[PDB]
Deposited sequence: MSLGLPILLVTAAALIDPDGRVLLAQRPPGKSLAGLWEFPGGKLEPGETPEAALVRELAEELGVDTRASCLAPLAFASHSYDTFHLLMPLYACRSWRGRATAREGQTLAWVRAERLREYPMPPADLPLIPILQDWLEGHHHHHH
C-alpha cells in the first residue's frame, strides 16, 4: 500500500574529540537532534533552526555535510531521514526542550537504546568516525 514520505533531518554534531551528540526523548530512547521539514526549507535549513531551537546551537547550512540516511516504513508513512555530520558550530549544546543530552564515543554507541529506524545509522556513523 502506497504511503506518503515523511522527511526528517538528523544531525550528528561531532566533538573535536570525536564524540557525537545524542538526545533522549523527554518522558511522556536516544536519537539524533533534528526534526520535520517546513515549506521553503532546504533540509540543511530545517536542520539549522532545529539545532538552534533544540540545542541553542548555531551553525551554517554549509557546515552540514551529508553522511547517510535512514529509510523505514511505518503504518501511515514511510520515513526518509538524511543524516548530516557537523563539526563546526557556535555556542555550546544545551537541552532547551527539557531533554537529556549525551556526548558519546563512536564505540559506546550501542550502549544507547535507539528507535529501530535509527539503528542502521549506527554502524555507518562508526565507520565514518
Checking coverage: what stretches of the deposited chain sequence are missing C-alpha positions? 1 to 2, 31 to 35, 137 to 144
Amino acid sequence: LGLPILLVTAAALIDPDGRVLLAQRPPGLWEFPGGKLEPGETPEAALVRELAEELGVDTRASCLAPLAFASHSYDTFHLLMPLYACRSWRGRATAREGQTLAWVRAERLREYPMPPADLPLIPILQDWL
From here on, numbers count along this sequence of modelled residues.
Of the two stretches 64 to 72 and 41 to 49, which shows the higher Cα B-factor on average in the entry? 41 to 49
Which is higher on mean Cα B factor in this entry, 99 to 107 or 74 to 82? 99 to 107
Sorting the chain's modelled residues by C-alpha B-factor, tell me whether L3 ends up in the lowest, middle or highest third. lowest
Which third, lowest, middle or highest, does the CA B-factor of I14 fall in along this chain? highest
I122, C-alpha B-factor rank within chain (lowest, middle or highest third): lowest
